[PDB]
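S.K.: Below is a structure I'd like to ask you about.
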Amino acid sequence: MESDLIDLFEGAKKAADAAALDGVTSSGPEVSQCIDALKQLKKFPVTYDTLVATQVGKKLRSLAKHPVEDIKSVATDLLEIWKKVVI
C-alpha cells in the first residue's frame with residue numbers, strides 16, 4: 001500500500017536526519033534503523049503512479065546524497081531497483 005510506503009520512508013528519513021544532525025558514525029543506531037527502513041522499501045512493488053502520488057522516489061535522492069556513506073550507498077541501491085521496476 002502507499003500508506004506503508006510513506007510510513008517506511010518517513011521512518012528512514014527521520015533516522016537519516018537524526019544521524020546527520022547528531023553526528024552519528026556508521027556504527028550508530030540511527031544509521032542501522034535507516035538502513036533497515038531502506039531495505040524493506042526494496043521489496044515494495046512500486047509503480048509509476050505510486051511514485052507520482054507519493055513522491056517517495058524523488059524524496060529518496062536526498063538520502064542518496066547523505067553524508068554517511070552507508071545510508072548513501074543503500075539509498076542508491078534502492079533507487080537502482082525501483083528504477084528497473086518503474087520503467
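In the C-alpha cells, chains take letters A, B, ... by order of appearance, with residues numbered from 1 within each chain and ligands from 1 in the order shown.
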Do you know which residues are at most 12 Å from residue 18 in chain A counting only C-alpha atoms, after dropping those on the same chain fewer than 3 positions away, and could you put them as a list in words?
M.R.: residues 11, 12, 13, 14, 15, 21, 22, 23, 24, 25, 28, 29, 30, 31, 32, 33, 34, 66, 67 and 68 of chain A
S.K.: Emit the selected residues as a tab-separated table (two decimals), in the first residue's frame, including C-alpha atoms.
M.R.:
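Contents of the output file result.tsv:
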chain	number	residue	atom	x	y	z
A	11	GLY	CA	11.00	6.38	9.32
A	12	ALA	CA	14.04	6.19	7.05
A	13	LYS	CA	14.26	9.97	6.68
A	14	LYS	CA	13.79	10.59	10.41
A	15	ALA	CA	16.64	8.16	11.08
A	21	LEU	CA	22.23	16.21	12.96
A	22	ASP	CA	23.57	14.22	15.93
A	23	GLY	CA	26.86	13.50	14.15
A	24	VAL	CA	26.45	9.72	14.23
A	25	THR	CA	29.03	7.42	12.66
A	28	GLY	CA	25.42	4.29	15.21
A	29	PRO	CA	21.89	3.04	15.84
A	30	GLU	CA	20.22	5.72	13.71
A	31	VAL	CA	22.25	4.56	10.71
A	32	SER	CA	21.12	0.98	11.34
A	33	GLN	CA	17.46	1.99	11.55
A	34	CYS	CA	17.74	3.98	8.32
A	66	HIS	CA	23.51	11.66	2.70
A	67	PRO	CA	26.86	12.40	4.39
A	68	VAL	CA	27.01	8.86	5.84
S.K.: Tell me, as a PDB file with N, CA, C and O atoms, in the first residue's frame, which residues lie within 10 Å of residue 57 in chain A, counting only C-alpha atoms; anything in the same chain fewer than 6 positions away does not count.
M.R.:
ATOM      1  N   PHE A   9       9.212   5.348   4.428  1.00  0.00           N
ATOM      2  CA  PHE A   9      10.130   6.406   4.031  1.00  0.00           C
ATOM      3  C   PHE A   9      10.266   7.454   5.125  1.00  0.00           C
ATOM      4  O   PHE A   9      11.346   8.018   5.321  1.00  0.00           O
ATOM      5  N   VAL A  46       6.558  -0.921  -6.203  1.00  0.00           N
ATOM      6  CA  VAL A  46       6.146   0.428  -6.570  1.00  0.00           C
ATOM      7  C   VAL A  46       5.769   0.465  -8.047  1.00  0.00           C
ATOM      8  O   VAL A  46       6.274  -0.316  -8.868  1.00  0.00           O
ATOM      9  N   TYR A  48       4.636   3.501 -11.323  1.00  0.00           N
ATOM     10  CA  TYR A  48       4.855   4.892 -11.703  1.00  0.00           C
ATOM     11  C   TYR A  48       3.884   5.815 -10.979  1.00  0.00           C
ATOM     12  O   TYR A  48       4.296   6.784 -10.332  1.00  0.00           O
ATOM     13  N   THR A  50       2.295   5.350  -8.319  1.00  0.00           N
ATOM     14  CA  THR A  50       2.642   5.393  -6.903  1.00  0.00           C
ATOM     15  C   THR A  50       3.720   6.438  -6.653  1.00  0.00           C
ATOM     16  O   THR A  50       3.631   7.229  -5.708  1.00  0.00           O
ATOM     17  N   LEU A  51       4.744   6.470  -7.508  1.00  0.00           N
ATOM     18  CA  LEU A  51       5.820   7.435  -7.313  1.00  0.00           C
ATOM     19  C   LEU A  51       5.363   8.853  -7.619  1.00  0.00           C
ATOM     20  O   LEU A  51       5.943   9.817  -7.106  1.00  0.00           O
ATOM     21  N   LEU A  78      18.560   1.148  -3.505  1.00  0.00           N
ATOM     22  CA  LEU A  78      17.102   1.176  -3.538  1.00  0.00           C
ATOM     23  C   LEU A  78      16.596   1.892  -4.785  1.00  0.00           C
ATOM     24  O   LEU A  78      15.659   1.421  -5.447  1.00  0.00           O
ATOM     25  N   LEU A  79      17.195   3.039  -5.114  1.00  0.00           N
ATOM     26  CA  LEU A  79      16.796   3.757  -6.318  1.00  0.00           C
ATOM     27  C   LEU A  79      17.084   2.933  -7.567  1.00  0.00           C
ATOM     28  O   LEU A  79      16.289   2.934  -8.508  1.00  0.00           O
ATOM     29  N   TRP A  82      14.188   0.317  -7.788  1.00  0.00           N
ATOM     30  CA  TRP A  82      12.936   0.954  -8.179  1.00  0.00           C
ATOM     31  C   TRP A  82      12.983   1.406  -9.631  1.00  0.00           C
ATOM     32  O   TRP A  82      12.005   1.241 -10.365  1.00  0.00           O
ATOM     33  N   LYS A  83      14.111   1.985 -10.054  1.00  0.00           N
ATOM     34  CA  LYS A  83      14.342   2.345 -11.448  1.00  0.00           C
ATOM     35  C   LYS A  83      13.896   1.240 -12.399  1.00  0.00           C
ATOM     36  O   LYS A  83      12.973   1.424 -13.197  1.00  0.00           O
TER      37      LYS A  83
END
S.K.: Taking into account only C-alpha atoms, which residue in the set A:53, A:4, A:19, A:61 is nearest to residue 74 in chain A?
M.R.: A:61
S.K.: Using only C-alpha atoms for the distances, tell me which of A:7, A:26, A:47, A:2 is nearest to residue 69 in chain A.
M.R.: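 That would be A:26, the residue with the smallest distance to residue 69 in chain A.
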S.K.: How would you write, as a PyMOL selection string, the set of residues in chain A that DSSP gives as helix (DSSP H, G or I)?
M.R.: chain A and resi 2-21+29-42+48-54+56-64+69-86
S.K.: If you measure from CA of residue 76 in chain A to CA of residue 43 in chain A, what distance in Å do you get, rounded to one decimal?
M.R.: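 Answer for the CA of residue 76 in chain A to CA of residue 43 in chain A separation: 14.8 Å.
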S.K.: How far is it from CA of residue 16 in chain A to CA of residue 71 in chain A, in Å with one decimal?
M.R.: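 These atoms are spaced 7.3 Å apart.
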